[PDB]
>>> print(open('protein.tsv').read())   # TSV, C-alpha atoms and all ligand atoms
chain	number	residue	atom	x	y	z
W	2	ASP	CA	-71.29	66.95	56.77
W	3	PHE	CA	-70.29	63.46	57.95
W	4	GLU	CA	-72.41	61.15	60.06
W	5	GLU	CA	-70.96	60.29	63.46
W	6	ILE	CA	-68.85	57.13	63.50
W	7	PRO	CA	-68.92	54.96	66.65
W	8	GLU	CA	-66.73	56.26	69.50
W	9	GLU	CA	-64.75	53.01	69.75
W	10	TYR	CA	-63.07	53.98	66.47
W	11	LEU	CA	-61.98	57.41	67.76
M	5	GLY	CA	-50.61	38.28	44.59
M	6	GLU	CA	-53.26	37.00	47.01
M	7	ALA	CA	-54.93	33.86	45.62
M	8	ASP	CA	-58.36	35.45	45.17
M	9	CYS	CA	-57.38	39.03	44.34
M	10	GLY	CA	-59.34	41.12	41.88
M	11	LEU	CA	-62.34	38.79	41.80
M	12	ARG	CA	-65.35	40.69	43.09
M	13	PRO	CA	-67.88	38.77	45.20
M	14	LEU	CA	-70.85	40.57	43.62
M	15	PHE	CA	-69.53	40.37	40.06
M	16	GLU	CA	-66.79	37.97	38.89
M	17	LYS	CA	-67.44	35.49	41.68
M	18	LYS	CA	-71.16	35.26	40.60
M	19	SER	CA	-70.56	35.75	36.89
M	20	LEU	CA	-72.31	39.11	36.80
M	21	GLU	CA	-70.99	41.99	34.65
M	22	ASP	CA	-71.06	45.58	35.86
M	23	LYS	CA	-72.61	48.16	33.53
M	24	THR	CA	-69.39	49.58	31.96
M	25	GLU	CA	-66.70	46.90	32.23
M	26	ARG	CA	-67.31	45.95	28.58
M	27	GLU	CA	-66.17	49.47	27.57
M	28	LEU	CA	-62.79	48.44	29.06
M	29	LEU	CA	-62.65	45.06	27.19
M	30	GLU	CA	-63.55	46.79	23.94
M	31	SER	CA	-60.59	49.22	24.36
M	32	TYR	CA	-58.10	46.34	24.71
M	33	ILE	CA	-57.49	46.00	20.99
R	1	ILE	CA	-64.72	62.40	40.08
R	2	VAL	CA	-65.86	64.81	37.32
R	3	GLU	CA	-68.35	63.59	34.66
R	4	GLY	CA	-68.57	60.09	36.18
R	5	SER	CA	-71.54	58.09	37.38
R	6	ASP	CA	-72.69	56.38	40.58
R	7	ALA	CA	-70.78	53.18	41.30
R	8	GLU	CA	-72.82	49.95	41.55
R	9	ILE	CA	-72.89	48.19	44.92
R	10	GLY	CA	-69.75	46.05	45.36
R	11	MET	CA	-68.26	47.41	42.11
R	12	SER	CA	-65.03	48.56	43.76
R	13	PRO	CA	-64.65	46.41	46.89
R	14	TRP	CA	-60.98	47.37	47.28
R	15	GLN	CA	-61.86	51.12	47.59
R	16	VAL	CA	-60.80	52.62	50.91
R	17	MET	CA	-61.60	56.02	52.43
R	18	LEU	CA	-58.77	57.79	54.27
R	19	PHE	CA	-60.60	59.60	57.02
R	20	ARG	CA	-59.31	62.28	59.43
R	21	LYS	CA	-60.22	61.71	63.10
R	22	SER	CA	-60.54	65.36	64.16
R	23	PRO	CA	-62.11	67.17	62.39
R	24	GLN	CA	-64.03	64.29	60.79
R	25	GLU	CA	-63.30	64.55	57.09
R	26	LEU	CA	-62.42	62.72	53.90
R	27	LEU	CA	-58.72	63.10	53.22
R	28	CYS	CA	-58.16	60.84	50.23
R	29	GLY	CA	-58.95	57.57	48.53
R	30	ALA	CA	-56.85	54.46	48.87
R	31	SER	CA	-56.97	50.73	48.09
R	32	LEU	CA	-56.99	47.34	49.85
R	33	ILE	CA	-54.18	45.07	48.59
R	34	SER	CA	-54.33	42.43	51.42
R	35	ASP	CA	-56.12	41.98	54.79
R	36	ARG	CA	-53.58	44.24	56.54
R	37	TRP	CA	-52.17	46.55	53.81
R	38	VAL	CA	-53.65	49.62	52.16
R	39	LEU	CA	-52.04	51.57	49.30
R	40	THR	CA	-52.41	55.31	48.74
R	41	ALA	CA	-50.63	58.39	47.44
R	42	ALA	CA	-47.72	59.79	49.55
R	43	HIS	CA	-49.12	63.30	49.30
R	44	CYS	CA	-52.31	62.27	51.12
R	45	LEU	CA	-50.09	61.79	54.20
R	46	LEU	CA	-47.11	64.14	53.57
R	47	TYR	CA	-47.02	67.48	51.79
R	48	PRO	CA	-44.89	70.02	53.72
R	49	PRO	CA	-45.71	73.01	51.48
R	50	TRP	CA	-49.26	72.95	52.88
R	51	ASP	CA	-48.18	71.78	56.37
R	52	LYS	CA	-49.53	68.23	55.80
R	53	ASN	CA	-47.73	65.60	57.87
R	54	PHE	CA	-50.12	62.99	59.33
R	55	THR	CA	-49.03	60.33	61.81
R	56	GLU	CA	-50.78	57.00	62.39
R	57	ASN	CA	-53.02	58.27	65.18
R	58	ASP	CA	-54.40	61.16	63.12
R	59	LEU	CA	-56.12	58.75	60.71
R	60	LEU	CA	-58.67	56.03	60.07
R	61	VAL	CA	-59.31	53.84	57.02
R	62	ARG	CA	-62.96	53.05	56.13
R	63	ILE	CA	-63.40	50.00	53.93
R	64	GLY	CA	-66.48	48.57	52.18
R	65	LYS	CA	-68.19	51.94	51.64
R	66	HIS	CA	-70.57	53.28	49.02
R	67	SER	CA	-72.09	56.37	50.63
R	68	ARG	CA	-69.64	59.23	51.26
R	69	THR	CA	-71.06	60.70	54.47
R	70	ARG	CA	-73.13	57.94	56.11
R	71	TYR	CA	-71.91	55.43	58.69
R	72	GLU	CA	-72.69	52.21	56.82
R	73	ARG	CA	-73.60	49.96	59.71
R	74	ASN	CA	-73.11	46.22	59.09
R	75	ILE	CA	-71.34	47.05	55.75
R	76	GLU	CA	-68.22	49.18	56.23
R	77	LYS	CA	-65.31	48.37	58.49
R	78	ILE	CA	-63.17	51.04	60.14
R	79	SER	CA	-59.53	50.22	60.88
R	80	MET	CA	-56.83	51.97	62.87
R	81	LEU	CA	-53.31	52.29	61.53
R	82	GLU	CA	-50.30	50.48	62.93
R	83	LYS	CA	-47.65	52.10	60.70
R	84	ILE	CA	-47.22	54.42	57.70
R	85	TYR	CA	-44.47	53.92	55.12
R	86	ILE	CA	-43.74	56.75	52.66
R	87	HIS	CA	-41.52	56.00	49.66
R	88	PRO	CA	-38.10	57.36	50.70
R	89	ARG	CA	-37.63	59.09	47.29
R	90	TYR	CA	-41.13	60.60	47.07
R	91	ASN	CA	-40.48	63.98	45.39
R	92	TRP	CA	-42.84	66.51	47.01
R	93	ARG	CA	-40.60	69.43	46.02
R	94	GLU	CA	-40.84	69.17	42.24
R	95	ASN	CA	-43.36	66.83	40.58
R	96	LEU	CA	-44.66	64.12	42.99
R	97	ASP	CA	-42.33	61.54	41.48
R	98	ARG	CA	-43.01	58.30	43.39
R	99	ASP	CA	-46.33	59.45	44.88
R	100	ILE	CA	-46.81	56.21	46.84
R	101	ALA	CA	-47.29	55.09	50.46
R	102	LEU	CA	-48.30	51.94	52.30
R	103	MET	CA	-50.39	51.77	55.48
R	104	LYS	CA	-50.36	48.65	57.70
R	105	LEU	CA	-53.56	48.13	59.72
R	106	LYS	CA	-53.51	47.19	63.43
R	107	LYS	CA	-55.66	44.09	62.79
R	108	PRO	CA	-56.70	42.29	59.62
R	109	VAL	CA	-59.99	43.41	58.07
R	110	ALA	CA	-62.45	40.61	57.30
R	111	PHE	CA	-63.45	40.17	53.64
R	112	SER	CA	-67.11	40.33	52.60
R	113	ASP	CA	-69.29	41.07	49.57
R	114	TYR	CA	-68.26	44.75	49.92
R	115	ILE	CA	-64.62	44.37	51.06
R	116	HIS	CA	-62.10	42.52	48.85
R	117	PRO	CA	-58.50	43.09	47.72
R	118	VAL	CA	-57.37	44.17	44.24
R	119	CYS	CA	-54.42	42.49	42.50
R	120	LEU	CA	-51.04	44.13	41.99
R	121	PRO	CA	-49.67	43.70	38.47
R	122	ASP	CA	-46.73	41.55	37.44
R	123	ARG	CA	-44.33	42.75	34.72
R	124	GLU	CA	-46.30	41.00	31.96
R	125	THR	CA	-49.67	42.42	32.98
R	126	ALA	CA	-48.16	45.92	32.96
R	127	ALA	CA	-46.49	45.38	29.59
R	128	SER	CA	-49.68	44.03	28.07
R	129	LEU	CA	-52.31	46.47	29.45
R	130	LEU	CA	-50.45	49.81	29.92
R	131	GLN	CA	-50.91	50.91	26.35
R	132	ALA	CA	-52.24	54.13	24.88
R	133	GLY	CA	-55.92	53.74	24.02
R	134	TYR	CA	-56.53	51.01	26.62
R	135	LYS	CA	-59.02	52.17	29.26
R	136	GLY	CA	-58.77	51.83	33.01
R	137	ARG	CA	-61.17	52.83	35.77
R	138	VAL	CA	-61.01	55.48	38.46
R	139	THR	CA	-63.23	55.64	41.54
R	140	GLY	CA	-63.55	58.07	44.46
R	141	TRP	CA	-65.65	60.41	46.62
R	142	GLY	CA	-63.91	63.63	45.55
R	143	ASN	CA	-65.32	66.79	43.99
R	144	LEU	CA	-67.85	66.53	41.14
R	145	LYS	CA	-66.53	69.82	39.66
R	146	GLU	CA	-63.24	71.75	39.73
R	155	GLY	CA	-70.40	69.84	44.78
R	156	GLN	CA	-69.68	66.56	46.58
R	157	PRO	CA	-71.16	63.16	45.68
R	158	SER	CA	-73.73	61.29	47.73
R	159	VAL	CA	-72.16	58.00	46.61
R	160	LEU	CA	-68.90	56.56	45.28
R	161	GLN	CA	-68.33	57.75	41.73
R	162	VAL	CA	-66.72	55.92	38.82
R	163	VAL	CA	-65.36	56.82	35.38
R	164	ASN	CA	-63.53	54.83	32.67
R	165	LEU	CA	-60.67	56.71	30.95
R	166	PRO	CA	-58.15	55.85	28.21
R	167	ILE	CA	-54.40	55.80	28.79
R	168	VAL	CA	-52.73	58.60	26.85
R	169	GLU	CA	-49.49	58.46	24.84
R	170	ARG	CA	-46.39	59.70	26.66
R	171	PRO	CA	-45.64	62.61	24.27
R	172	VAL	CA	-49.22	63.94	24.62
R	173	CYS	CA	-49.03	63.72	28.47
R	174	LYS	CA	-45.78	65.71	28.47
R	175	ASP	CA	-46.93	68.25	25.92
R	176	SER	CA	-50.00	68.92	28.10
R	177	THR	CA	-48.03	70.37	31.00
R	178	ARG	CA	-44.94	72.32	32.14
R	179	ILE	CA	-44.39	69.80	34.96
R	180	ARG	CA	-41.51	67.37	34.35
R	181	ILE	CA	-43.03	63.91	33.80
R	182	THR	CA	-41.10	60.79	35.02
R	183	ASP	CA	-41.19	57.06	34.12
R	184	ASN	CA	-43.03	56.50	37.44
R	185	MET	CA	-46.16	58.29	36.06
R	186	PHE	CA	-48.65	57.88	33.26
R	187	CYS	CA	-51.61	60.04	32.26
R	188	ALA	CA	-55.13	59.19	31.20
R	189	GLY	CA	-58.16	61.03	29.92
R	190	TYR	CA	-59.93	61.86	26.70
R	191	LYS	CA	-58.65	64.39	24.19
R	192	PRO	CA	-60.77	67.45	23.29
R	193	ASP	CA	-61.48	65.87	19.91
R	194	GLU	CA	-62.79	62.63	21.52
R	195	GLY	CA	-66.04	64.18	22.86
R	196	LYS	CA	-66.31	62.18	26.09
R	197	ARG	CA	-65.04	63.67	29.33
R	198	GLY	CA	-64.00	62.70	32.84
R	199	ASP	CA	-61.21	63.08	35.37
R	200	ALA	CA	-60.31	62.67	39.02
R	201	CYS	CA	-60.62	65.76	41.26
R	202	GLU	CA	-59.83	66.87	44.83
R	203	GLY	CA	-60.61	64.07	47.31
R	204	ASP	CA	-60.03	61.33	44.72
R	205	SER	CA	-56.27	61.22	45.08
R	206	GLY	CA	-54.70	58.08	46.57
R	207	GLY	CA	-57.50	56.00	44.99
R	208	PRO	CA	-56.92	53.29	42.38
R	209	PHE	CA	-56.71	53.28	38.55
R	210	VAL	CA	-57.67	49.68	37.83
R	211	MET	CA	-57.89	47.57	34.71
R	212	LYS	CA	-59.65	44.23	34.14
R	213	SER	CA	-57.31	41.65	32.62
R	214	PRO	CA	-58.83	39.98	29.54
R	215	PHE	CA	-56.58	36.95	30.18
R	216	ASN	CA	-57.69	35.91	33.70
R	217	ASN	CA	-60.67	38.21	34.35
R	218	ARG	CA	-59.05	39.78	37.44
R	219	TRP	CA	-58.84	43.47	38.39
R	220	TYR	CA	-55.30	44.86	38.65
R	221	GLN	CA	-54.36	48.22	40.15
R	222	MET	CA	-52.16	49.85	37.52
R	223	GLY	CA	-52.18	53.39	38.94
R	224	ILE	CA	-52.74	55.65	41.94
R	225	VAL	CA	-54.56	58.95	41.50
R	226	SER	CA	-51.68	61.42	41.94
R	227	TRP	CA	-52.29	64.86	40.38
R	228	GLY	CA	-53.80	67.12	37.81
R	229	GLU	CA	-53.96	70.80	36.92
R	230	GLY	CA	-57.61	71.64	37.58
R	231	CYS	CA	-60.16	68.89	36.93
R	232	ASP	CA	-61.49	67.75	33.58
R	233	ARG	CA	-59.95	70.67	31.67
R	234	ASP	CA	-59.69	70.38	27.86
R	235	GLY	CA	-56.14	69.44	26.80
R	236	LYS	CA	-55.12	68.45	30.33
R	237	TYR	CA	-54.87	64.93	31.77
R	238	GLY	CA	-54.94	63.12	35.08
R	239	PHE	CA	-51.57	61.85	36.25
R	240	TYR	CA	-51.25	58.49	38.02
R	241	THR	CA	-48.47	56.80	39.99
R	242	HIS	CA	-47.14	53.85	37.93
R	243	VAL	CA	-47.67	50.96	40.35
R	244	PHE	CA	-45.67	48.19	38.65
R	245	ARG	CA	-42.61	50.49	38.45
R	246	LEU	CA	-42.61	50.85	42.26
R	247	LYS	CA	-43.54	47.23	43.02
R	248	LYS	CA	-40.05	46.33	44.31
R	249	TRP	CA	-40.41	48.98	47.01
R	250	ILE	CA	-43.93	47.66	47.79
R	251	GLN	CA	-42.63	44.08	48.15
R	252	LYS	CA	-39.64	45.19	50.23
R	253	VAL	CA	-41.88	47.03	52.69
R	254	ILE	CA	-44.35	44.16	52.98
R	255	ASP	CA	-41.68	41.41	53.26
R	256	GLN	CA	-39.79	43.33	55.96
R	257	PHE	CA	-42.56	44.77	58.15
R	258	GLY	CA	-45.40	42.36	57.31
R	259	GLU	CA	-46.02	39.28	59.45
W	301	LIG	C1	-45.59	68.87	44.02
W	301	LIG	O1	-46.05	68.74	42.65
W	301	LIG	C2	-47.30	69.26	42.47
W	301	LIG	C3	-47.98	69.81	43.54
W	301	LIG	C4	-49.25	70.36	43.40
W	301	LIG	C5	-49.88	70.92	44.65
W	301	LIG	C6	-49.87	70.39	42.15
W	301	LIG	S1	-51.48	71.10	41.96
W	301	LIG	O2	-51.45	71.80	40.73
W	301	LIG	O3	-51.78	71.73	43.21
W	301	LIG	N1	-52.61	69.91	41.84
W	301	LIG	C7	-52.86	69.01	42.97
W	301	LIG	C8	-54.26	68.40	42.78
W	301	LIG	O4	-54.25	67.47	41.69
W	301	LIG	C9	-54.69	67.70	44.07
W	301	LIG	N2	-56.03	67.14	43.86
W	301	LIG	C10	-53.75	66.54	44.41
W	301	LIG	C11	-52.57	66.99	45.27
W	301	LIG	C12	-51.27	66.62	44.90
W	301	LIG	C13	-50.18	67.00	45.66
W	301	LIG	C14	-50.38	67.74	46.81
W	301	LIG	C15	-51.66	68.11	47.18
W	301	LIG	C16	-52.76	67.74	46.42
W	301	LIG	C17	-49.19	69.83	41.06
W	301	LIG	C18	-49.81	69.83	39.68
W	301	LIG	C19	-47.91	69.28	41.22
W	301	LIG	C20	-47.19	68.70	40.02
W	302	NA	NA	-58.92	66.76	30.10
>>> encode(input="protein.tsv", output="structure tokens")
Amino acid sequence: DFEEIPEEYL
Amino acid sequence: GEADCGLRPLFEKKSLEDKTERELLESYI
Amino acid sequence: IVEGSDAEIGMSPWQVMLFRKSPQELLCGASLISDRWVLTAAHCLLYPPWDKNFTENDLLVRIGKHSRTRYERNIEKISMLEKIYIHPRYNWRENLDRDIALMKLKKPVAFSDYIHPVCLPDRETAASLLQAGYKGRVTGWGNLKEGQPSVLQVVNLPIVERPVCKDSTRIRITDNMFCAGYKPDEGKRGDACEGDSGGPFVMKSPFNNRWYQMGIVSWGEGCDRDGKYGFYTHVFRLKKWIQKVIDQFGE
């Protein structure tokens, strides 16, 4: 459903 | 509160009105 | 939001998305009250009956958003959480009395056209604006019916008299809550719904033209049902706890 957020945030 | 709180850059700060804020003002009788 | 409309760009620049890290999902709404503090509903973080108990590292806050699902490059900011504070007398057992929580961010978020804090009411603003008939505004990315919105939704709803709120439900209503919504006679409709909770009920002061957060989306029974109302955490009534947390743990 949700677009991938940048990995730095995870 | 924070000096500039509740003043929206794209509305109050520019003196633009959103499309339904007047419905709120009109209720404040 | 049920029976709302698309928000305009920058219309609710204090709106925050509470976002689960894994799996990637919308948990709740929330609001920006300074560069390092975000306000939400306690039950978005803690509800033991359904095995909900998030810690800081489970969660992200996404600020400056319009689209629900898209990564809004150059527009949104995503912040990690330093610490969660749940009201110590949050009543998850009975009625969600004191459905409030603060989240301190690891670093300040920078303000922009799309990211800006809402005011917290003083006693006089509460006294003056929290009156039956007076309308506030609710925003969120929650359900459109009791699918999901492409963009942030908005609806304006009138505050309802205390006896009508109480007579609408078997739940015991406290002084730390108020309800809002149209009556069946009134014709117009609208309510918060699942996903919207923790977001802000705001009012625009006619005295100083500022937006104040008067409520937090807390609960309802279904969504937009005739004769039922949305219940909101009464923010001014819990402001001493808010100030105590910020004074103590804020820099
Ligand atoms: C604890 O008091 C509750 C709990 C629930 C879980 C509900 S509910 O009927 O399930 N409605 C909850 C929904 O409004 C939901 N969108 C918000 C929510 C609140 C609390 C816990 C989970 C979700 C209600 C009314 C009360 C008074
Ligand atoms: Na209703």
>>> interface_residues(input="protein.tsv", of="chain R", to="chain M", cutoff="10 Å", atoms="all atoms listed in the file", output="count of residues only")
50
>>> residues_near_ligand(input="protein.tsv", ligand="ligand LIG 301 (chain W)", cutoff="9 Å", atoms="all atoms listed in the file", output="MDAnalysis selection string")
chainID R and resid 41:44 46:47 49:50 52 91:97 99 142 177:181 200:206 225:231 238:239
>>> interface_residues(input="protein.tsv", of="chain W", to="chain R", cutoff="6 Å", atoms="only C-alpha atoms", output="count of residues only")
3
>>> residues_around(input="protein.tsv", residues="residue 83 (chain R)", least_positions_apart="5", cutoff="12 Å", atoms="only C-alpha atoms", output="VMD selection string")
chain R and resid 36 to 38 45 54 to 60 101 to 107 253 to 254 257 to 258
>>> closest_atom_pairs(input="protein.tsv", of="chain R", to="ligand NA 302 (chain W)", cutoff="6 Å", atoms="all atoms listed in the file", output="tab-separated table")
residue	atom	partner	partner_atom	distance
R:189	CA	W:NA302	NA	5.8
R:232	CA	W:NA302	NA	4.4
R:233	CA	W:NA302	NA	4.3
R:234	CA	W:NA302	NA	4.3
R:235	CA	W:NA302	NA	5.1
R:236	CA	W:NA302	NA	4.2
R:237	CA	W:NA302	NA	4.7
>>> axis_aligned_box(input="protein.tsv", around="chain W", padding_each_side="6 Å", output="lines of an AutoDock Vina configuration file")
center_x = -67.2
center_y = 60.0
center_z = 63.3
size_x = 22.4
size_y = 25.9
size_z = 25.0
>>> atom_distance(input="protein.tsv", atom1="CA of residue 252 (chain R)", atom2="CA of residue 48 (chain R)")
25.6 Å
>>> build_atoms(input="protein.tsv", residues="region 7-28 of chain M", atoms="N, CA, C and O atoms", output="PDB file, keeping the file's coordinate frame")
ATOM      1  N   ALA M   7     -54.268  34.864  46.462  1.00  0.00           N
ATOM      2  CA  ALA M   7     -54.930  33.860  45.620  1.00  0.00           C
ATOM      3  C   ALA M   7     -56.192  34.364  44.922  1.00  0.00           C
ATOM      4  O   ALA M   7     -56.388  34.109  43.738  1.00  0.00           O
ATOM      5  N   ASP M   8     -57.037  35.081  45.658  1.00  0.00           N
ATOM      6  CA  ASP M   8     -58.360  35.450  45.170  1.00  0.00           C
ATOM      7  C   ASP M   8     -58.509  36.933  44.779  1.00  0.00           C
ATOM      8  O   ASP M   8     -59.623  37.474  44.691  1.00  0.00           O
ATOM      9  N   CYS M   9     -57.382  37.586  44.518  1.00  0.00           N
ATOM     10  CA  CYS M   9     -57.380  39.030  44.340  1.00  0.00           C
ATOM     11  C   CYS M   9     -58.112  39.403  43.062  1.00  0.00           C
ATOM     12  O   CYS M   9     -58.139  38.646  42.098  1.00  0.00           O
ATOM     13  N   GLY M  10     -58.757  40.553  43.074  1.00  0.00           N
ATOM     14  CA  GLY M  10     -59.340  41.120  41.880  1.00  0.00           C
ATOM     15  C   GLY M  10     -60.578  40.418  41.380  1.00  0.00           C
ATOM     16  O   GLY M  10     -61.042  40.701  40.276  1.00  0.00           O
ATOM     17  N   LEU M  11     -61.130  39.513  42.185  1.00  0.00           N
ATOM     18  CA  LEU M  11     -62.340  38.790  41.800  1.00  0.00           C
ATOM     19  C   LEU M  11     -63.406  39.263  42.764  1.00  0.00           C
ATOM     20  O   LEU M  11     -63.334  38.958  43.944  1.00  0.00           O
ATOM     21  N   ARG M  12     -64.369  40.032  42.254  1.00  0.00           N
ATOM     22  CA  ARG M  12     -65.350  40.690  43.090  1.00  0.00           C
ATOM     23  C   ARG M  12     -66.485  39.741  43.485  1.00  0.00           C
ATOM     24  O   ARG M  12     -67.110  39.121  42.627  1.00  0.00           O
ATOM     25  N   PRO M  13     -66.757  39.621  44.793  1.00  0.00           N
ATOM     26  CA  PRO M  13     -67.880  38.770  45.200  1.00  0.00           C
ATOM     27  C   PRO M  13     -69.199  39.020  44.482  1.00  0.00           C
ATOM     28  O   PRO M  13     -69.894  38.056  44.145  1.00  0.00           O
ATOM     29  N   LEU M  14     -69.545  40.281  44.217  1.00  0.00           N
ATOM     30  CA  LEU M  14     -70.850  40.570  43.620  1.00  0.00           C
ATOM     31  C   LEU M  14     -70.835  40.627  42.095  1.00  0.00           C
ATOM     32  O   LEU M  14     -71.874  40.899  41.464  1.00  0.00           O
ATOM     33  N   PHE M  15     -69.669  40.358  41.506  1.00  0.00           N
ATOM     34  CA  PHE M  15     -69.530  40.370  40.060  1.00  0.00           C
ATOM     35  C   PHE M  15     -68.819  39.102  39.574  1.00  0.00           C
ATOM     36  O   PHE M  15     -69.491  38.073  39.373  1.00  0.00           O
ATOM     37  N   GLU M  16     -67.488  39.128  39.448  1.00  0.00           N
ATOM     38  CA  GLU M  16     -66.790  37.970  38.890  1.00  0.00           C
ATOM     39  C   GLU M  16     -67.151  36.683  39.626  1.00  0.00           C
ATOM     40  O   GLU M  16     -67.393  35.658  39.012  1.00  0.00           O
ATOM     41  N   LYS M  17     -67.196  36.722  40.945  1.00  0.00           N
ATOM     42  CA  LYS M  17     -67.440  35.490  41.680  1.00  0.00           C
ATOM     43  C   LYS M  17     -68.818  34.855  41.324  1.00  0.00           C
ATOM     44  O   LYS M  17     -68.980  33.626  41.391  1.00  0.00           O
ATOM     45  N   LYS M  18     -69.777  35.690  40.922  1.00  0.00           N
ATOM     46  CA  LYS M  18     -71.160  35.260  40.600  1.00  0.00           C
ATOM     47  C   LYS M  18     -71.413  35.222  39.118  1.00  0.00           C
ATOM     48  O   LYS M  18     -72.532  34.947  38.713  1.00  0.00           O
ATOM     49  N   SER M  19     -70.412  35.593  38.326  1.00  0.00           N
ATOM     50  CA  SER M  19     -70.560  35.750  36.890  1.00  0.00           C
ATOM     51  C   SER M  19     -71.628  36.799  36.537  1.00  0.00           C
ATOM     52  O   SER M  19     -72.448  36.598  35.634  1.00  0.00           O
ATOM     53  N   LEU M  20     -71.612  37.924  37.256  1.00  0.00           N
ATOM     54  CA  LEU M  20     -72.310  39.110  36.800  1.00  0.00           C
ATOM     55  C   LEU M  20     -71.320  40.178  36.280  1.00  0.00           C
ATOM     56  O   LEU M  20     -70.166  40.263  36.725  1.00  0.00           O
ATOM     57  N   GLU M  21     -71.790  40.970  35.325  1.00  0.00           N
ATOM     58  CA  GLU M  21     -70.990  41.990  34.650  1.00  0.00           C
ATOM     59  C   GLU M  21     -71.491  43.289  35.200  1.00  0.00           C
ATOM     60  O   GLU M  21     -72.700  43.450  35.283  1.00  0.00           O
ATOM     61  N   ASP M  22     -70.604  44.227  35.540  1.00  0.00           N
ATOM     62  CA  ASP M  22     -71.060  45.580  35.860  1.00  0.00           C
ATOM     63  C   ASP M  22     -71.415  46.301  34.560  1.00  0.00           C
ATOM     64  O   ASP M  22     -71.188  45.773  33.464  1.00  0.00           O
ATOM     65  N   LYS M  23     -71.997  47.487  34.684  1.00  0.00           N
ATOM     66  CA  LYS M  23     -72.610  48.160  33.530  1.00  0.00           C
ATOM     67  C   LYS M  23     -71.613  48.764  32.514  1.00  0.00           C
ATOM     68  O   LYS M  23     -71.992  49.023  31.387  1.00  0.00           O
ATOM     69  N   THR M  24     -70.350  48.979  32.893  1.00  0.00           N
ATOM     70  CA  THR M  24     -69.390  49.580  31.960  1.00  0.00           C
ATOM     71  C   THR M  24     -68.088  48.815  31.777  1.00  0.00           C
ATOM     72  O   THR M  24     -67.216  49.268  31.054  1.00  0.00           O
ATOM     73  N   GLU M  25     -67.940  47.653  32.402  1.00  0.00           N
ATOM     74  CA  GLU M  25     -66.700  46.900  32.230  1.00  0.00           C
ATOM     75  C   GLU M  25     -66.413  46.492  30.793  1.00  0.00           C
ATOM     76  O   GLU M  25     -65.249  46.379  30.395  1.00  0.00           O
ATOM     77  N   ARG M  26     -67.462  46.283  30.009  1.00  0.00           N
ATOM     78  CA  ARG M  26     -67.310  45.950  28.580  1.00  0.00           C
ATOM     79  C   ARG M  26     -66.639  47.080  27.787  1.00  0.00           C
ATOM     80  O   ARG M  26     -65.904  46.808  26.851  1.00  0.00           O
ATOM     81  N   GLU M  27     -66.881  48.342  28.165  1.00  0.00           N
ATOM     82  CA  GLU M  27     -66.170  49.470  27.570  1.00  0.00           C
ATOM     83  C   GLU M  27     -64.655  49.300  27.725  1.00  0.00           C
ATOM     84  O   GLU M  27     -63.894  49.681  26.842  1.00  0.00           O
ATOM     85  N   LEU M  28     -64.224  48.701  28.834  1.00  0.00           N
ATOM     86  CA  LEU M  28     -62.790  48.440  29.060  1.00  0.00           C
ATOM     87  C   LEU M  28     -62.289  47.324  28.126  1.00  0.00           C
ATOM     88  O   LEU M  28     -61.236  47.470  27.484  1.00  0.00           O
TER      89      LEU M  28
END
